[PDB]
Every structure is written in C-alpha cells, then in structure tokens.
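K.L.:
This is the structure, below, for whatever I ask next.
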Amino acid sequence: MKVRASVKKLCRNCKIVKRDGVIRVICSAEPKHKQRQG
Amino acid sequence: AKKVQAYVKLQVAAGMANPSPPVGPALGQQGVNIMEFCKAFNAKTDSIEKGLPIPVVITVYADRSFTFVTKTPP
Amino acid sequence: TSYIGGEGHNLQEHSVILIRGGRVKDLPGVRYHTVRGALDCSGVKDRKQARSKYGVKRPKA
Amino acid sequence: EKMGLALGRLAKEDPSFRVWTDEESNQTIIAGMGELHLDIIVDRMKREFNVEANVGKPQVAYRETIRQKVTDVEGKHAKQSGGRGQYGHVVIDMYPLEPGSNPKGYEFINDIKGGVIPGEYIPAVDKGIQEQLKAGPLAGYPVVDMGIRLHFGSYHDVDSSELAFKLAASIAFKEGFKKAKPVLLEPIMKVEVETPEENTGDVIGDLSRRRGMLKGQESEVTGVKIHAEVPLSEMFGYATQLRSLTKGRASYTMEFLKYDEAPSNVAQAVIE
Amino acid sequence: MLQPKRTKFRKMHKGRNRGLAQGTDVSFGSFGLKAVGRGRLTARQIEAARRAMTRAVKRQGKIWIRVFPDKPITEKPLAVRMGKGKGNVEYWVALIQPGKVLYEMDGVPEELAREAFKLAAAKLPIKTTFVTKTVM
RNA sequence: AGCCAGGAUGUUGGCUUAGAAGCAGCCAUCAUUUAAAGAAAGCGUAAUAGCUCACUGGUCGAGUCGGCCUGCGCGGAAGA
RNA sequence: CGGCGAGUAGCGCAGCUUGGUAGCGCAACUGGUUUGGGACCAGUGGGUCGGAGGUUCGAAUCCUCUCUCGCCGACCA
C-alpha cells in the first residue's frame, strides 16, 4: 500500500478507519485504494 | 424480445443489406449470423422505407431463433 | 575484379560466381570473366545468336 | 561466404523460413515461424557450420521529405582560373508535391521561356536533382514529394558547360532542404489480425500501443478480422508478441500502404 | 513573469512585515481568496497559482491578480566571505499581511471557484481562505 | 440507515461521418410515461452488454444529516 | 569568480581623447580592354555604430545595466 501524511477517500467505496489509532483508508471494492498513516 | 438477452441497438442502414464496414461485431459479438439475418430483415425492408438512418432490435432465443421490431429514425 | 558479360547479372555484394580467363582492356583491373551458365550469373535473357557465349537455353518452343 | 552456403544446405530441411538480403544495406534478413522455430536454427549453424553470427535485429528504411514550400533557391558556381572559367547560375524552387500513390515524387516542369539557360542544359540539372534525391540530408535516405519548378537563371557564353549546371543545381538543391526543413518518412504497414472472440479487445490495445491507428473490426462466424495501420518500426517480434496474447490462435498479415513523417519520439532516433 | 519594469532603485532594504494589509474586500468580481497568513509571496508562486486556476476553468471567467511583487530580493553568491558589498538582485516578491485578498475570480459558479481556489492554495506558502463579495 | 421493487420511451443525437450508443471530449444539458428516473455520479467495454447510484414504492419505527467558530488531542516525526 | 579591453558596411581596422559630419584597403555590381577568363584600369551602393536605460541643444562618442568574446589569476596552510 501507500503511506502518506494525507490520505483521502479516492473511490466512492473507500472508507476511513482508526485501527490502533492509526488512520487507514481501507476499501471494499478495489485494492489500490488501500492506504494509511495519514 | 424478452428481458435483455440477445439484442443490440443498430441497423445503420436497411437500404444496404448485409452491412459490413460500419457494423462489424456490433451484432456479431453474440455469434449472430448475417446470412440468416438477410432472411427476415429484408422480408419487410422491401415493404418499408429503406436506407433511412433507422434502428432495429434483434433478439435471439436459446434455440438459435430471433425476432425483430423495425423502428423510427433518430 | 572480374567481368560479367551480358545484361543478365543479378548480384549485389554476394552470391558466388565462376571465373574464366580474359581481361577487358578498358576497365582498369579486370582480368577475368564469368562463365554465363554458372553459379550466380546464368544466361543472358534468351539470346539465339552465338549463344555458346551469354549462354541462354535456345528457344525450346 | 559459408553463411551464404550455411542456409543453402539448411533451407533444404524447410521452406517455411525464407531468406532475404537487404535491398539497401546488404545485410541478410532471416524469416521464420516463431522464436522457437528460429532459436534452434541459430545453434544449427553455431555448431554444425561453426557460426557465431552475432544475431542482431531486423532493420529499417526511414524515408524523408520536406515539410513546406521553399522560396527562391538558386545556383552559382564560379571558380575561374581562366582556362576553365566554369560559371553556371540557376534559380529553382522545389515544393512539397502532392502525396500520391504514383511513384512520381519527382516532377521538374521547365518554367524558363527564353535562353536564360540553354536547352542543352535542362538534362544536366534534370540529371542533377534526381541523383541528390538519394542523399537525404539527414543520413541519405529515400526522399520524395519534391515539386520542383525552375524559374530563372543565367549562363556564361562559350564557357558554361554541363559541369557548371549539374553541380550548381545541387548547391541550389541543398538550400531548398536546409531552408524548408524536411523531416523523416517512416514506412507504414496495414496489418490484419483474426482474433476469435475473447482476446479481440486486449489485442487492440497492444496494437494501439504500437502507435496503431485503428481502422475497423468486422465480425464473422468464428473470428473477427481487424484492419490496422501500424508503423513498421513497432512491428518486430509481433507474431509471438501476438500469439502470447491470443494464446497462439491468431493470424496476422502485413501490407504496406504509405509513408509517414516519423514523430519526435522516432524522428531524432535515426540521426547519426 | 511579472516584474516591476524599470523602477527607482535596484537594491532596497530588508524591511519589515508588520500590521494588516489594505485590500480586504472582493472588489472586482464575486469570489476571492484572502490570505489568513503573514509572509512573502514570490513571483514564481504567483504565476504558478495562476496556472492552477487558468487551468481550473480552461477559458471562462475573469481573473484578477490583486498583489504585485514590487520588492527586490538579493542573495550573496555562493561561498563568498560575508561583507564586501551588498548582494545581487535575484528575484522579486510581494509582501503579504493577513486580511489581504489575493486572487479575485468572477464568471463561474461558486462551486468551481471554490474548487479552483483549492488548487491555487496548494502552490502558495501562506494559509489562505476563500471569501466572497458582500454588500457595503 | 437496513430488508424486498423499480430505475424506463424517442435517443446508434451529431461531428473528426474510422468511434466514441447515459459513461474521452467537445453542445444542448429536452420533453414525454410517472410511484419515479438525471439524455447521467461511479465500476465495466474497440463500441455495447453487464453491475449500482441519484430519485421514487412499501415495510420497520424513532431522531437524523451537513456545514460554520473555537478548546484540547492523533498522524506528519528517521542518527550514530 | 572580479575586472581592464574589444563589440562599426560582406572581412579586417579607423573614428571615442575634447560630443556635433560614419571613413581606408579588399570584397560586390557596372563598363572598357582581349578570341574569352585572370590581371589591370573608371564609377557606384552598401552599416547608419552589440542590445537596453540615462545625461545634453546634440550620444558612434561621455556614464550605467545585461549579453557574446580575449587576457591577466582564483595564491599562502
């Protein structure tokens, strides 16, 4: 995946999470949108 | 002509029977024969106006049988 | 350098030939010939006259 | 010498691969059925006839023509030294001819009316322009579509000879090029591909990737054939590069159509 | 690149950036970007931010560049011992204070301009916001 | 917000007529049939088809949705 | 890098000192001469001063800022 300081929902089905307090943008449809560390 | 099974939006020109260039896999994607299509489509094309930019709908059944509805020019 | 007598040559930088004796007297260097009826330069496009030279099969017709 | 022999005693095994010899570059060109077909043959000589022939890559032609019109281009040759004193002056204009299917990329119409340039010198400049057309001012590649019309000029009494005007035409000729900025012409192929039903699409992008301008796809009972235009440069390896796409089921063929001005990406990549 | 053509002097003092700017209104159009920061914009950034917008509409609307450099900045040549005269003019900048309206845009719906300014800001250093023309 | 539905008629709309059929884009950005449906928000195609959403039906049954100004936190944050 | 010397017709040099008018030689076009060219004899055109900003009535000129181009040297641990 990709780590950045700014992570935005790219797809419509990109979702936001706070697992372990670390922001993640895990999706459900497409892989490439999975990103974190934002 | 049931729910969406085997038809597309075509009939470039009824005046030119068996149209190759601008059609191509437009109806041939399914496996539609062109020689059989000459049979029915020409059967009423001679009776109606020809060569007008007009579409037709051709729906093929499971046993290799079809049907049509000749339409209105855009 | 050698000579190909007759408008029937068909070679460019390759294609083995045969060699026979004879210069040409006007071409500086040429001292040999080709046997028309050999490797890569056979007869000269169907000539009937004195064709034991320029070697083309006669008119079979 | 024994490589020309090598094939002649290997070609016997199979007519499937043929043999060429470069029209312009005197380099033999091997043809075949596929990489597998060719691979073993390389060893068939590398061992049987002892031939570590450095297996290169197929080669190119790359024509070149003018981009636009010219304005005045003129000839002038004056080296006297008394005894000779050859002085020939001409003033032509060449134009980018109509790109036509005829092989007549040369056409010199004589516009001179009266004795400004003697009639016995048209052949000289005529001889002149045509030979220089094998000296494309990039690296000497086939030049065409040069609309040449000779306008005005001069000559030297008693003196002026063919030498003056045949060469002086060229000096003028070169200017039309060094001033109207020609550019390459790449040969273009028409390639037809039969693709069943399933990889049809994905094949197109591959061809599209090859700068291939799509023409049209026509469907039949089994296999949609595709008419396609593609630059010959992008064409090498295609067969395997295609059968690996069509799971070894397709059949492509090559037809020449026309010559295209090679783009920047390809253009500068000939200059040497 | 915008640059004061032919002014009074070439080199001018470092100066200071105190207070609040003058232009605080959306004067010419309907929408404007106000600078909530306090810094120094360079000419390079200016034209850069212009491109983001000039591209954000492609051809519609009118764009007003409120600020203008008017300040020359110098720099000493690399690795020269300090002293030995004043620097050499490198590039020009426009001082900025909070409450200054920088780019004023009109001709497009509030929507795109809102989006357009989101592109200009990413090239400018100082934090800025989007403000609109109001009555009196 | 979930659970079952619908989501259409002309309309392949030009052109570069090779082709952009709601989905490359350039324009209009319609009217009808309506409980409703945009000549289109995304996925998918050479170009379609296929899969959803807008909005609308019913059921369930109580609050729910989106911006504005700040306080205080997280991430950005890796050296012998 | 800083820093004293050049930038003028097609080519090479003048003219800048002390501001007022752009020249010499060769090149180039034209004519004579000769069987013709070279050569040699006559006539003429050609820049308007590297580019920009100043100062004066007046800027090729005297000053400033950039560019292109030569020379001097960018040393002492």
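In the structure tokens, chains take letters A, B, ... by order of appearance, with residues numbered from 1 within each chain and ligands from 1 in the order shown.
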Residues within 10 Å of residue 27 (chain A), please, as a CSV table (one decimal) with N, CA and C atoms, in the first residue's frame. Count only C-alpha atoms (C1' of nucleotides); anything in the same chain fewer than 4 positions from it doesn't count.
P.N.:
chain,number,residue,atom,x,y,z
A,9,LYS,N,-10.3,9.7,0.7
A,9,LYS,CA,-11.1,8.7,0.0
A,9,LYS,C,-11.1,8.9,-1.5
A,10,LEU,N,-10.4,8.1,-2.2
A,10,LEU,CA,-10.3,8.2,-3.6
A,10,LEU,C,-11.6,7.7,-4.2
A,11,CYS,N,-11.9,6.4,-4.0
A,11,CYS,CA,-13.1,5.9,-4.6
A,11,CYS,C,-14.3,6.4,-3.8
A,12,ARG,N,-15.5,6.0,-4.3
A,12,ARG,CA,-16.7,6.3,-3.6
A,12,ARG,C,-16.8,5.3,-2.4
A,13,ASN,N,-16.3,4.1,-2.6
A,13,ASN,CA,-16.3,3.0,-1.6
A,13,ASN,C,-15.1,2.9,-0.8
A,14,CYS,N,-14.3,3.9,-0.8
A,14,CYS,CA,-13.1,4.0,0.1
A,14,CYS,C,-13.8,4.4,1.4
A,15,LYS,N,-13.3,3.8,2.5
A,15,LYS,CA,-13.8,4.0,3.8
A,15,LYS,C,-12.6,4.4,4.7
A,16,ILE,N,-12.9,5.1,5.9
A,16,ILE,CA,-12.0,5.5,6.8
A,16,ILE,C,-12.1,4.8,8.1
A,17,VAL,N,-10.9,4.5,8.7
A,17,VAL,CA,-10.9,3.7,10.0
A,17,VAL,C,-9.8,4.4,10.9
A,31,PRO,N,-8.3,-2.8,-4.7
A,31,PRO,CA,-7.2,-2.8,-3.8
A,31,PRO,C,-6.3,-1.5,-3.7
A,32,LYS,N,-6.0,-0.9,-4.9
A,32,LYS,CA,-5.1,0.2,-4.9
A,32,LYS,C,-5.5,1.3,-4.0
A,33,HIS,N,-6.8,1.3,-3.5
A,33,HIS,CA,-7.2,2.5,-2.7
A,33,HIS,C,-6.8,2.3,-1.3
A,34,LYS,N,-6.3,1.1,-0.9
A,34,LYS,CA,-6.0,0.8,0.5
A,34,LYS,C,-4.7,1.6,0.8
A,35,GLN,N,-4.8,2.6,1.8
A,35,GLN,CA,-3.7,3.4,2.2
A,35,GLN,C,-3.9,3.8,3.7
K.L.:
Could you find all residues in region 32-104 of chain E that DSSP calls strand (DSSP E) from the backbone, and write them as a PyMOL selection string?
P.N.:
chain E and resi 32-35+40-42+62-65+71-75+88-95+100-104
K.L.:
Near region 67-80 of chain D, within 7 Å and counting only C-alpha atoms (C1' of nucleotides), which residues show up once chain neighbours fewer than 5 positions away are dropped, as a VMD selection string?
P.N.:
(chain D and resid 85 to 96 164 168 to 169 171 to 172 175 to 176 180 to 183) or (chain G and resid 37)
K.L.:
Would you work out the distance separating CA of residue 68 (chain E) from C1' of residue 52 (chain G), expressed in Å to one decimal?
P.N.:
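Distance between the two atoms: 23.4 Å.
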K.L.:
State, in Å with one decimal place, the distance from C1' of residue 9 (chain F) to CA of residue 34 (chain B).
P.N.:
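So the answer is 28.6 Å.
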K.L.:
Between CA of residue 45 (chain D) and CA of residue 14 (chain C), what distance in Å does the model show, to one decimal?
P.N.:
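CA of residue 45 (chain D) sits 19.0 Å away from CA of residue 14 (chain C).
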K.L.:
Write out as a list in words the residues lying within 12 Å of residue 76 (chain F), counting only C-alpha atoms (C1' of nucleotides) and excluding same-chain residues fewer than 6 positions away.
P.N.:
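Near residue 76 (chain F), the qualifying residues are residues 3, 4, 5, 6, 7, 37 and 38 of chain A.
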K.L.:
The selected residues should be written to file as a CSV table (one decimal), in the first residue's frame (atoms: N, CA and C atoms).
P.N.:
chain,number,residue,atom,x,y,z
A,3,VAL,N,1.8,4.9,2.1
A,3,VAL,CA,1.8,5.6,3.3
A,3,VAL,C,2.0,7.1,3.0
A,4,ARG,N,1.2,8.0,3.6
A,4,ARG,CA,1.3,9.4,3.4
A,4,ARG,C,0.9,10.1,4.7
A,5,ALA,N,1.0,11.4,4.7
A,5,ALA,CA,0.6,12.2,5.8
A,5,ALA,C,-0.9,12.7,5.5
A,6,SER,N,-1.3,12.6,4.3
A,6,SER,CA,-2.6,13.0,3.9
A,6,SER,C,-3.2,11.8,3.1
A,7,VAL,N,-4.3,11.2,3.6
A,7,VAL,CA,-5.0,10.1,2.9
A,7,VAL,C,-6.4,10.5,2.7
A,37,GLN,N,-1.6,5.7,7.4
A,37,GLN,CA,-0.6,6.6,8.1
A,37,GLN,C,-1.0,8.1,8.0
A,38,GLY,N,-2.1,8.4,7.3
A,38,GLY,CA,-2.5,9.8,7.1
A,38,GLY,C,-2.7,10.5,8.4
K.L.:
Using only C-alpha atoms (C1' of nucleotides), determine which residues lie at most 9 Å from residue 99 (chain E), disregarding the query and same-chain residues fewer than 6 positions distant; provide the list as a ChimeraX atom specification.
P.N.:
/E:20-25,34-38
K.L.:
Please provide the set of residues having any atom within 10 Å of residue 33 (chain C), restricted to only C-alpha atoms (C1' of nucleotides), with same-chain residues fewer than 3 positions apart removed, written as a list in words.
P.N.:
residues 1, 2, 3, 4, 5, 17, 18, 19, 20, 21, 22, 23, 24, 30 and 36 of chain C
K.L.:
Any chance you could export the current selection's C-alpha atoms as a PDB file, in the first residue's frame?
P.N.:
ATOM      1  CA  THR C   1      37.998  -7.709 -60.285  1.00  0.00           C
ATOM      2  CA  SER C   2      36.283  -9.787 -62.944  1.00  0.00           C
ATOM      3  CA  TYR C   3      33.779  -9.266 -65.742  1.00  0.00           C
ATOM      4  CA  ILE C   4      30.153 -10.207 -66.227  1.00  0.00           C
ATOM      5  CA  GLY C   5      29.447 -10.078 -69.916  1.00  0.00           C
ATOM      6  CA  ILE C  17      30.404 -16.712 -59.275  1.00  0.00           C
ATOM      7  CA  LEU C  18      32.804 -18.658 -61.514  1.00  0.00           C
ATOM      8  CA  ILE C  19      35.966 -17.301 -63.177  1.00  0.00           C
ATOM      9  CA  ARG C  20      37.435 -17.713 -66.654  1.00  0.00           C
ATOM     10  CA  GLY C  21      40.336 -16.026 -68.432  1.00  0.00           C
ATOM     11  CA  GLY C  22      40.351 -12.698 -70.198  1.00  0.00           C
ATOM     12  CA  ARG C  23      40.775  -9.010 -69.381  1.00  0.00           C
ATOM     13  CA  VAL C  24      38.560  -6.313 -70.964  1.00  0.00           C
ATOM     14  CA  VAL C  30      39.609  -6.514 -64.791  1.00  0.00           C
ATOM     15  CA  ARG C  36      27.381 -17.454 -68.275  1.00  0.00           C
TER      16      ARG C  36
END
K.L.:
Need to verify the contact set: region 40-52 of chain F, 10 Å, only C-alpha atoms (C1' of nucleotides), exclusion of same-chain residues closer than 5 positions in sequence. Can you return it as a PDB file with N, CA and C atoms (P, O5', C5', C4', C3', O3' and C1' of nucleotides), in the first residue's frame?
P.N.:
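Contents of selection20.pdb, freshly written:
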ATOM      1  N   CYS A  11     -11.908   6.416  -4.046  1.00  0.00           N
ATOM      2  CA  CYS A  11     -13.123   5.894  -4.640  1.00  0.00           C
ATOM      3  C   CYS A  11     -14.337   6.355  -3.846  1.00  0.00           C
ATOM      4  N   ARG A  12     -15.520   5.986  -4.323  1.00  0.00           N
ATOM      5  CA  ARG A  12     -16.745   6.253  -3.584  1.00  0.00           C
ATOM      6  C   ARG A  12     -16.816   5.272  -2.403  1.00  0.00           C
ATOM      7  N   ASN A  13     -16.297   4.061  -2.609  1.00  0.00           N
ATOM      8  CA  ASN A  13     -16.349   2.992  -1.623  1.00  0.00           C
ATOM      9  C   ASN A  13     -15.092   2.852  -0.798  1.00  0.00           C
ATOM     10  N   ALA A  29     -13.949  -2.527  -2.489  1.00  0.00           N
ATOM     11  CA  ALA A  29     -14.062  -2.922  -3.881  1.00  0.00           C
ATOM     12  C   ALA A  29     -12.724  -3.061  -4.592  1.00  0.00           C
ATOM     13  N   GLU A  30     -11.861  -2.054  -4.461  1.00  0.00           N
ATOM     14  CA  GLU A  30     -10.597  -2.016  -5.194  1.00  0.00           C
ATOM     15  C   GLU A  30      -9.361  -2.006  -4.286  1.00  0.00           C
TER      16      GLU A  30
ATOM     17  N   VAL B   4     -33.345  -8.292 -21.280  1.00  0.00           N
ATOM     18  CA  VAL B   4     -32.104  -8.151 -22.026  1.00  0.00           C
ATOM     19  C   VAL B   4     -31.323  -9.436 -22.148  1.00  0.00           C
ATOM     20  N   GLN B   5     -31.443 -10.085 -23.305  1.00  0.00           N
ATOM     21  CA  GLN B   5     -30.728 -11.313 -23.571  1.00  0.00           C
ATOM     22  C   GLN B   5     -29.818 -11.247 -24.801  1.00  0.00           C
ATOM     23  N   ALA B   6     -30.368 -10.909 -25.964  1.00  0.00           N
ATOM     24  CA  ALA B   6     -29.561 -11.026 -27.174  1.00  0.00           C
ATOM     25  C   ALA B   6     -29.715  -9.960 -28.233  1.00  0.00           C
ATOM     26  N   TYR B   7     -29.919  -8.722 -27.815  1.00  0.00           N
ATOM     27  CA  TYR B   7     -30.121  -7.694 -28.787  1.00  0.00           C
ATOM     28  C   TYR B   7     -29.295  -6.512 -28.559  1.00  0.00           C
ATOM     29  N   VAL B   8     -29.176  -5.905 -29.722  1.00  0.00           N
ATOM     30  CA  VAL B   8     -28.336  -4.547 -29.606  1.00  0.00           C
ATOM     31  C   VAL B   8     -29.073  -3.484 -30.449  1.00  0.00           C
ATOM     32  N   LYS B   9     -28.564  -2.201 -30.349  1.00  0.00           N
ATOM     33  CA  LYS B   9     -29.144  -1.000 -30.999  1.00  0.00           C
ATOM     34  C   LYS B   9     -28.348  -0.646 -32.232  1.00  0.00           C
ATOM     35  N   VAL B  23     -20.641  -1.899 -39.374  1.00  0.00           N
ATOM     36  CA  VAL B  23     -21.242  -2.684 -38.305  1.00  0.00           C
ATOM     37  C   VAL B  23     -20.254  -3.563 -37.620  1.00  0.00           C
ATOM     38  N   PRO B  25     -18.536  -6.224 -35.358  1.00  0.00           N
ATOM     39  CA  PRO B  25     -19.053  -7.043 -34.246  1.00  0.00           C
ATOM     40  C   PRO B  25     -20.208  -6.406 -33.474  1.00  0.00           C
ATOM     41  N   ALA B  26     -20.824  -5.358 -34.028  1.00  0.00           N
ATOM     42  CA  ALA B  26     -21.943  -4.661 -33.374  1.00  0.00           C
ATOM     43  C   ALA B  26     -23.080  -5.634 -33.057  1.00  0.00           C
ATOM     44  N   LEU B  27     -23.373  -6.535 -33.996  1.00  0.00           N
ATOM     45  CA  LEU B  27     -24.311  -7.645 -33.740  1.00  0.00           C
ATOM     46  C   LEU B  27     -23.477  -9.000 -33.734  1.00  0.00           C
ATOM     47  N   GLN B  29     -20.949  -9.837 -32.019  1.00  0.00           N
ATOM     48  CA  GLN B  29     -20.348 -10.249 -30.768  1.00  0.00           C
ATOM     49  C   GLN B  29     -21.054 -11.495 -30.252  1.00  0.00           C
TER      50      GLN B  29
ATOM     51  N   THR D 200      -9.963 -10.649 -28.812  1.00  0.00           N
ATOM     52  CA  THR D 200     -10.097  -9.369 -29.502  1.00  0.00           C
ATOM     53  C   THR D 200      -9.758  -7.972 -28.852  1.00  0.00           C
ATOM     54  N   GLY D 201     -10.433  -7.626 -27.756  1.00  0.00           N
ATOM     55  CA  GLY D 201     -10.201  -6.324 -27.156  1.00  0.00           C
ATOM     56  C   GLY D 201      -8.748  -6.056 -26.774  1.00  0.00           C
ATOM     57  N   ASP D 202      -8.285  -6.862 -25.820  1.00  0.00           N
ATOM     58  CA  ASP D 202      -6.935  -6.703 -25.279  1.00  0.00           C
ATOM     59  C   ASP D 202      -5.870  -6.703 -26.381  1.00  0.00           C
ATOM     60  N   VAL D 203      -6.226  -7.333 -27.510  1.00  0.00           N
ATOM     61  CA  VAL D 203      -5.274  -7.321 -28.606  1.00  0.00           C
ATOM     62  C   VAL D 203      -5.173  -5.891 -29.130  1.00  0.00           C
ATOM     63  N   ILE D 204      -6.334  -5.235 -29.247  1.00  0.00           N
ATOM     64  CA  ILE D 204      -6.349  -3.881 -29.819  1.00  0.00           C
ATOM     65  C   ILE D 204      -5.419  -2.937 -29.097  1.00  0.00           C
ATOM     66  N   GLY D 205      -5.550  -2.926 -27.769  1.00  0.00           N
ATOM     67  CA  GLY D 205      -4.646  -2.018 -27.022  1.00  0.00           C
ATOM     68  C   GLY D 205      -3.176  -2.293 -27.316  1.00  0.00           C
ATOM     69  N   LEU D 214      -6.370   2.478 -35.283  1.00  0.00           N
ATOM     70  CA  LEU D 214      -7.424   1.506 -35.550  1.00  0.00           C
ATOM     71  C   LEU D 214      -8.203   1.867 -36.806  1.00  0.00           C
ATOM     72  N   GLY D 216     -10.949  -0.627 -38.205  1.00  0.00           N
ATOM     73  CA  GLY D 216     -12.266  -1.212 -38.069  1.00  0.00           C
ATOM     74  C   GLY D 216     -12.153  -2.713 -37.902  1.00  0.00           C
ATOM     75  N   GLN D 217     -13.116  -3.265 -37.172  1.00  0.00           N
ATOM     76  CA  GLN D 217     -13.189  -4.691 -36.883  1.00  0.00           C
ATOM     77  C   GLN D 217     -14.489  -5.217 -37.471  1.00  0.00           C
TER      78      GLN D 217
ATOM     79  P     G F  19     -17.411   4.061 -38.241  1.00  0.00           P
ATOM     80  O5'   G F  19     -16.838   4.485 -36.813  1.00  0.00           O
ATOM     81  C5'   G F  19     -17.256   5.710 -36.181  1.00  0.00           C
ATOM     82  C4'   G F  19     -17.298   5.528 -34.686  1.00  0.00           C
ATOM     83  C3'   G F  19     -17.612   6.783 -33.883  1.00  0.00           C
ATOM     84  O3'   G F  19     -19.020   7.024 -33.787  1.00  0.00           O
ATOM     85  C1'   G F  19     -15.714   5.713 -32.965  1.00  0.00           C
ATOM     86  P     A F  20     -19.564   8.508 -33.448  1.00  0.00           P
ATOM     87  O5'   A F  20     -18.592   9.025 -32.291  1.00  0.00           O
ATOM     88  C5'   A F  20     -19.057   9.205 -30.928  1.00  0.00           C
ATOM     89  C4'   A F  20     -18.524   8.096 -30.039  1.00  0.00           C
ATOM     90  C3'   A F  20     -18.717   8.282 -28.539  1.00  0.00           C
ATOM     91  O3'   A F  20     -20.035   7.883 -28.147  1.00  0.00           O
ATOM     92  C1'   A F  20     -16.571   7.342 -29.030  1.00  0.00           C
ATOM     93  P     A F  21     -20.990   8.905 -27.350  1.00  0.00           P
ATOM     94  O5'   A F  21     -22.265   8.018 -26.975  1.00  0.00           O
ATOM     95  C5'   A F  21     -22.761   7.007 -27.882  1.00  0.00           C
ATOM     96  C4'   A F  21     -24.142   6.537 -27.463  1.00  0.00           C
ATOM     97  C3'   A F  21     -24.258   5.714 -26.184  1.00  0.00           C
ATOM     98  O3'   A F  21     -25.557   5.922 -25.605  1.00  0.00           O
ATOM     99  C1'   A F  21     -24.725   4.340 -28.072  1.00  0.00           C
ATOM    100  P     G F  22     -25.850   5.454 -24.089  1.00  0.00           P
ATOM    101  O5'   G F  22     -26.939   6.483 -23.542  1.00  0.00           O
ATOM    102  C5'   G F  22     -26.778   7.918 -23.680  1.00  0.00           C
ATOM    103  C4'   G F  22     -26.301   8.522 -22.376  1.00  0.00           C
ATOM    104  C3'   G F  22     -24.821   8.327 -22.079  1.00  0.00           C
ATOM    105  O3'   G F  22     -24.078   9.377 -22.709  1.00  0.00           O
ATOM    106  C1'   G F  22     -26.105   7.757 -20.166  1.00  0.00           C
ATOM    107  P     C F  23     -22.754   9.042 -23.562  1.00  0.00           P
ATOM    108  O5'   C F  23     -21.573   9.207 -22.503  1.00  0.00           O
ATOM    109  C5'   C F  23     -20.365   8.427 -22.605  1.00  0.00           C
ATOM    110  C4'   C F  23     -19.734   8.277 -21.241  1.00  0.00           C
ATOM    111  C3'   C F  23     -18.596   7.271 -21.169  1.00  0.00           C
ATOM    112  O3'   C F  23     -17.368   7.879 -21.564  1.00  0.00           O
ATOM    113  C1'   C F  23     -20.102   6.904 -19.377  1.00  0.00           C
TER     114        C F  23
END
K.L.:
Of the candidates D:170, D:161, D:130, D:195, which shows the shortest atom-to-atom distance to chain B, using only C-alpha atoms?
P.N.:
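Of D:170, D:161, D:130, D:195, the one nearest chain B, counting only C-alpha atoms, is D:195.
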